[PDB]
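To start, the structure under review is shown below, and the notes come after it.
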Ligand code: HEM
Ligand SMILES: *[C@@H]1O[C@H](CO)[C@@H](O)[C@H](O)[C@H]1NC(C)=O
Ligand SMILES: *[C@@H]1O[C@H](CO)[C@@H](O)[C@H](O)[C@H]1NC(C)=O
Ligand SMILES: [Mg+2]
């Protein structure tokens, strides 16, 4: 069990699979509480080689979720608060309207898996999966909404599971690694994952975000499908 411990009764968790994974490995506080900018830089750096500028940028948004105004920390359960960073049309979570939006949800992940159509997820598969969730949530959730910020996140999130868990150059990621991260909230070291030697930058996230958009082929955009 050396290196990873399931959360326990007093630990808090996020709607984010990576942050939950890093807390479980202890890159972050295992109780998912008291996460500061320096602890975010150090954990994302140590585990994943996220550069400081990106770590700092994500910290910024994370802080806005702490009920206390102008907070210097956040707990993982702050991220679950609906319509700040938590958005509808997640890949692994249900819309808050149906039930809790923070934990893994087999039904919703089943939909997303079905749009990952080979052993290797590429930008096209990633982009398709997100599209179907946006539309499926628009046509089933009467309170379906997605802020400019939420759209930006939703795109960023699909960009992240490729760029950060996979190879950003080729902009591909084995399906097995993504399924494992989502279903175990544990880095898939044993399936081949290795901390990349080259840092993952704000710019790397933007480039993949743009590749996700450019692989959306609507004849007519049905609502917020490209907003950043
Ligand atoms: C401080 C850093 C981070 C913050 C504050 C953060 C925050 C969030 C939040 C609030 C969500 C939930 C949105 C929703 O689906 O309703 C989320 C989802 C997600 N995050 Fe993160 N995250 C961080 C880092 C990362 C990293 C490093 C990765 C990937 C390697 C990542 C991958 C994802 C993915 C794939 C989702 C989508 C889950 C889903 O749609 O079911 N995040 N993150
Ligand atoms: C998800 O898919 C599996 C097939 O892998 C099925 O057994 C399970 O019941 C599905 N869950 C839902 C709620 O559709
Ligand atoms: C949901 O559906 C309608 C299309 O009927 C569209 O006007 C609206 O912009 C969509 N909402 C979002 C947030 O994408
Ligand atoms: Mg959600």
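Numbering (the authors' numbering), first residue to last: 24 to 251. Using N, Cα and C, we set each Cβ at its ideal position, and we do this for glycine too.
#### Entry: Span separating the alpha-carbon of residue 197 from that of residue 24
On the chain shown, residue 197 is found 174 positions in, with the first residue counted as 1. On the chain shown, residue 24 is found 1 positions in, with the first residue counted as 1. Using only the alpha carbons, I get a separation of about 25 Å.
### Task
Determine the direct distance from the alpha carbon of residue 220 to that of residue 235, and round the result to whole angstroms.
As a first step, residue 235 is located in the chain shown; it is residue number 212 there, counting from the start. As a first step, residue 220 is located in the chain shown; it is residue number 197 there, counting from the start. Their Cα atoms are separated by approximately 24 Å.
### Task
Identify whether residue 227 lies in helix, strand or coil by the three-state DSSP scheme.
Within the chain shown, residue 227 is the residue found at index 204, counting from 1. In the structure shown, residue 227 sits in a helix (DSSP, three-state: H, G or I).
### Query
Just to check, is the beta-carbon of residue 129 closer than 6 Å to a non-hydrogen atom of ligand 2?
Here the question's residue 129 lines up with position 106 in the chain shown. Yes.
### Message
Following a CB-centred definition, is residue 104 positioned closer than 6 Å to any heavy atom of ligand 1?
### Response
Here residue 104 refers to the residue found at position 81 of the chain shown. Residue 104: no, Cβ never under 6 Å from ligand 1.
### Query
Quick one: Cα of residue 114 to Cα of residue 243, how far?
Start at 1 with the first residue of the chain shown, and residue 114 comes out as number 91. Start at 1 with the first residue of the chain shown, and residue 243 comes out as number 220. Distance between the alpha carbons of residue 114 and residue 243 is about 23 Å.
#### Entry: Status (buried if at least 16 other CB within 10 Å, exposed otherwise) for residue 182
Indexing the chain shown from 1 puts residue 182 at position 159. Note on residue 182: 16 or more other CB atoms within 10 angstroms of its CB, so buried under the neighbour-count rule.
### Task
May I have the straight-line CA-CA distance separating residue 142 from residue 205, to the nearest angstrom?
As a working note, residue 142 is residue 119 in the chain shown. As a working note, residue 205 is residue 182 in the chain shown. Whole-angstrom Cα-Cα distance: 16 Å.
### Query
Which stretch, first to last residue, makes up the alpha helix (DSSP H) that contains residue 146?
Against the chain shown, residue 146 aligns to sequence position 123. Note, residue 146: alpha helix (DSSP H), 146 to 163.
### As assigned by DSSP and simplified to three states, the class of residue 34
The sequence position of residue 34 within the chain shown is 11, counting from 1. Coil.
### Query
What's the call for residue 251, buried or exposed, on a 16-neighbour Cβ count within 10 Å?
Counting from one through the chain shown, the residue named residue 251 turns up at place 228. Taking a 10 Å sphere around the C-beta of residue 251, we find fewer than 16 other C-beta atoms and assign the residue as exposed.
### Query
How about residue 98 and residue 136: do their beta carbons lie closer than 7 Å?
Mapped onto the chain shown, residue 98 falls at position 75. Mapped onto the chain shown, residue 136 falls at position 113. No, the pair does not count as a contact, with Cβ atoms beyond the cut-off.
### Which listed residue (208, 213 and 239) has its alpha carbon closest to that of residue 36
One-based indexing of the chain shown puts residue 36 at position 13. It is 208 whose Cα lies nearest to the Cα of residue 36.
### Query
Comparing alpha-carbon positions, which option in 154, 34, 40 and 223 lies nearest residue 116?
Here residue 116 corresponds to residue number 93 of the chain shown, with the count starting at 1. Distance check between residue 116 and each of 154, 34, 40 and 223 places 40 closest, using alpha-carbon atoms only.
### Query
Per DSSP, what kind of secondary structure is residue 125 in: helix, strand or coil?
Counted from its first residue, the chain shown places residue 125 at position 102. Three-state result, residue 125: coil.
### Rounded straight-line distance, which links the Cα of residue 228 to that of residue 186
The sequence position of residue 186 within the chain shown is 163, counting from 1. The sequence position of residue 228 within the chain shown is 205, counting from 1. Spanning the two alpha carbons is a distance of roughly 7 Å.
### Task
Kindly indicate which residue of 74, 101, 105 and 76 has the alpha-carbon position closest to the one of residue 170.
The residue given as residue 170 occupies position 147 in the chain shown. In terms of Cα proximity to residue 170, the closest of 74, 101, 105 and 76 is 105.
### Query
By DSSP, does residue 131 sit in helix, in strand, or in coil?
Here residue 131 corresponds to residue number 108 of the chain shown, with the count starting at 1. Reduced to three states, the DSSP call for residue 131 is helix.
### Task
Would you identify the three-state DSSP class for residue 249, choosing helix, strand or coil?
The count along the chain shown starts at 1 and reaches residue 249 at position 226. Residue state, collapsed to three classes: coil.
### Which of helix, strand or coil DSSP assigns to residue 143
Counting from one through the chain shown, the residue named residue 143 turns up at place 120. Of the three classes helix, strand and coil, the one that applies to residue 143 here is strand, per DSSP.
### Task
Report the residue from 110, 211 and 58 whose alpha carbon sits nearest the alpha carbon of residue 175.
Mapped onto the chain shown, residue 175 falls at position 152. Taking only the C-alpha atoms, the option nearest residue 175 is 110.
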